[PDB]
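In what follows, a single structure is set out as structure tokens and then discussed.
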Amino acid sequence: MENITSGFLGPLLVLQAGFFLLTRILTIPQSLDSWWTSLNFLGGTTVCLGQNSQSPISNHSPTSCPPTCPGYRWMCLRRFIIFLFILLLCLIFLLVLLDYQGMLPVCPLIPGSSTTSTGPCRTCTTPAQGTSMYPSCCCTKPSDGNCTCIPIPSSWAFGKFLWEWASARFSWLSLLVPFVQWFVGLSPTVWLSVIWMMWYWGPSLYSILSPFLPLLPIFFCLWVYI
Amino acid sequence: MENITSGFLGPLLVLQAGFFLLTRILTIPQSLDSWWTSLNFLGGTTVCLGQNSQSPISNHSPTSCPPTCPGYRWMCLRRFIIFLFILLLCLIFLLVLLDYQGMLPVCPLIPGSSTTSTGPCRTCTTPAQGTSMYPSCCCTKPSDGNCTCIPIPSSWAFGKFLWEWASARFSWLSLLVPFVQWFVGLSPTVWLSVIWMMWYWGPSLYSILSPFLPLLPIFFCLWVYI
Amino acid sequence: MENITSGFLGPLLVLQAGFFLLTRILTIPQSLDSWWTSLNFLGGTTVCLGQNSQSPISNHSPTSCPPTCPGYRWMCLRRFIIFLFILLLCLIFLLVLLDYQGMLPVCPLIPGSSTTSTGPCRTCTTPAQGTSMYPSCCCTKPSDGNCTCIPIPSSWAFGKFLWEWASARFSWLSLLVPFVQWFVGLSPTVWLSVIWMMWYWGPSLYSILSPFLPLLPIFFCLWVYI
């Protein structure tokens, strides 16, 4: 085709490109309205008949009530708002996915004597307050100091980049994270079966044993003199 | 008593406040429940089906519906889902805020020739492979030994550089240029006042020109020919 | 064998085989009818729509109701079509039930350099035409006289030449091949949990997939350009 088609080509491409974008947009809004209803439904109906009638219209009105109607106008506004919300939420998944490409560095810092290769310290001595996240380490110090510092290496997706620095701030909270770790060490597969059986639990177990949970203060008093 | 009474009473008050922290956290759940009720019922009231027949209570369980009786499991499930959504959006805000701040790492590696150092270059980089992309700057070039690249910026982590790149990396340059010119040509706040006046016009204009835009969608064979 | 009945043992075996074959043939009709009735009768009853008030049938139903059943001719046609389909299915099953005893051949011919022979090569293959593909190994190369290629292995029933050759056609499929490999390597001992999750929760799975259907072309085009 190419040029020969291009020579005889007219405005067909114009309409072809122009359309189906409105579909790709509006369908996402109507679908989002459907899921919002479902969450509201959770075993409920469609309603959308509370916008009075304003006309002899069939007040069934799934998702948006009807459009071209006074009630559905602000429903259309809510649809536009939700469309903006989704157009925002897409970037969250986009960044979450793209972060594991490894192109991005974490560019972290930690105190140690390790080196990826042959690194001569030459009496590397210049310390500072807050050794973590120190100066740029472009040999930025009282002198050059013969400095070699960290490149962007490989980690469990930027855990060393951000989590490790934050986990240092956890420290004692990270010490309780070891408690949640021996809790996590409890087998997961078996835990999968337990959770599967635990559908009868949850809100139902909450209803079953809520009153005792408020009575936890007696145990707190007991453990006070533990 | 003294500071030993101090410790016992304080463990007691710790139980007490965890109680208050739990109430504060759980408040956000019902808060978001009312949020969804308001948003979905834009100009609408609140009537659950959770106040079903198997509910001796009145319509008091038909607005936001914790609804311990009848439909309870799915209401609590929606509550947990919204809680997860909020605990997600909190990161969406906090990460951007911390990235802008100062401390967050943003070590960049892109092709450039900007120079700011002391007695630099005269060896520089001579990489004729891997295009112009740069790898972790321990010593990016295959044979670089005295290499020194660029330190992270005080301004928000990349962002502007990524936008400038995607202005050509995601192309759209020609289209963006006219659109950017038009946006600059409408930058004046007087038009912003006009746009605000158009709020009432907005839905009204959409209602008036629904068929109007339908007809314009032909444009007499799209501007005669093209 | 050791027959001790002469003309009596053989007739008994023939009668047993005929009865078994007739039972299987009827079951395939009968069991298939029951199966797809249940497919419809996950809910809906079995009252014969094709049956009519020809002779006031007390209950013209029983899935496929035959005899006359007004429109038993259509019922008979459906039964015959189902029987043909079941015959095809069992023939395919029997065909798959092969190559496990080593009877099946899997003589492969693909480009490679693996060597396992006695005093081999030093002449080998010098074909500079037809790319790297190999033809029937009488003597594949245009001028090969002492040629010896590769014997069929003990590797699973699959010829696997179609596999790798089509893995070349769809390298992305070959990429996910390791993914599914460790997914199977994740141990089928926990596959029961996956099965349970697939049940029931598949409804919300399709509910979410509804967004994926709107988002499938968008992401596909995104990575199409990416």
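Easy rule for this one: first residue shown is 1, then count along the chain.
Per the header of the entry, the method used was electron microscopy, 6.6 Å.
Cβ coordinates come from backbone N, Cα and C, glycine included.
Taken verbatim from Swiss-Prot:
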TRANSMEM  C:8-28  transmembrane segment
TOPO_DOM  C:29-79  topological domain 'Intravirion'
TRANSMEM  C:80-100  transmembrane segment
TOPO_DOM  C:101-174  topological domain 'Virion surface'
CARBOHYD  C:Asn146  N-linked glycosylation site
TRANSMEM  C:175-195  transmembrane segment
TOPO_DOM  C:196-201  topological domain 'Intravirion'
TRANSMEM  C:202-224  transmembrane segment
Outside the topological domain 'Intravirion' (C:196-201), six or more residues from its ends: residues with CB under 8 Å to it: none
Non-local residues, at least 6 beyond the ends, that sit with Cβ under 8 Å of the transmembrane segment (C:80-100): 25, 28-29, 32-33, 36, 106, 157
Protein Cβ atoms within 10 Å of C:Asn146 (N-linked glycosylation site), excluding its own: 10
Per-state residue totals over the topological domain 'Intravirion' (C:29-79) - DSSP helix, strand, coil: 20 helix, 0 strand, 31 coil
